[PDB]
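**Q** Just to be clear, this is only the beginning of the complex, oriented as in the whole thing:
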Amino acid sequence: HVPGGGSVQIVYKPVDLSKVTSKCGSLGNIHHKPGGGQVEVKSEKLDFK
């Protein structure tokens, strides 16, 4: 007679991470509009015919 059993195997799945996006707001915007254009407002026309 061969005496019974004496054999198991481990309940084991290794852990890892997939498709974890680096979605931080650290560079979250790029858009700009200038603070108006350059103009002259200080001078008269002096249009005395």
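**A** That came in fine, so what should we check first? Numbers count the residues shown, from 1 in each chain, chains lettered A, B, ... in the order given.
**Q** residues near residue A:43, how many?
**A** Here the count is done by other Cβ atoms under 10 Å, and residue A:43 has 6 residues near it. For every residue, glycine as well, the C-beta is placed using N, CA and C.
**Q** Please read the previous query as pertaining to residue A:48.
**A** By other Cβ under 10 Å, neighbour count at residue A:48 equals 4.
**Q** where does it fall, helix, sheet strand or coil?
**A** Using DSSP: H, G, I helix; E, B strand; the rest coil, the structure places residue A:48 in coil.
**Q** Look up how far residue A:8 lies from it.
**A** Distance of residue A:48 to residue A:8, computed by Cβ to Cβ, to the nearest Å: 109 Å.
**Q** Then residue A:34?
**A** Distance from residue A:34 to residue A:8, by Cβ to Cβ: 72 Å.
**Q** next one is chain B, place it on the structure:
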Amino acid sequence: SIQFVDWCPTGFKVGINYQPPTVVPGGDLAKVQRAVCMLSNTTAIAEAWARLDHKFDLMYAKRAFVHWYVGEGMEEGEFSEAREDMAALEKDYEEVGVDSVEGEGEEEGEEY
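**A** Let me put chain B in with the others:
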């Protein structure tokens, strides 16, 4: 020494009234007997306007405040005409400052 234009020695009109002045009381009263008042046309008024004129030049060149006036019934062309006539008036109080040239001793010569 009181400087006056050479071409108006008649420079005065005059008026003498018998009624003395009244003071409107509000202090101790002076015992007044006789008084003087005077109106004078002069070119010192040119010294006054010389700044008020450059102030209009500075304001108008910068277009400062002009949107209150315009909004409430005006156009920039009106600010120009007003200043233009005030530049004519600047030359008017200088023309009454001219020490005028002599006219004596100018002739045609004789026809033959």
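**Q** Check the neighbour count of residue A:43 one more time with chain B there.
**A** For residue A:43, the count of nearby residues is 9 (other Cβ atoms under 10 Å in any protein chain shown).
**Q** and if you look at residue B:60?
**A** Other residues close to residue B:60 by other Cβ under 10 Å number 19.
**Q** Locate it within the secondary structure: which element?
**A** Under the criterion of DSSP states H and E, residue B:60 resides in helix B:44-61.
**Q** just residue B:30 next, same as before
**A** Assigned by DSSP H and E, residue B:30 belongs to neither a helix nor a strand.
**Q** Is it in contact with residue B:20, as I believe?
**A** No - applying Cβ atoms under 8 Å as the test, residue B:30 and residue B:20 come out as separate, 11.4 Å apart.
**Q** neighbours of residue B:112, just the number please.
**A** 3.
**Q** quick one: it from residue B:106, how far?
**A** According to Cβ to Cβ, residue B:112 stands 20 Å off from residue B:106.
**Q** Right, I'll call it a day here.
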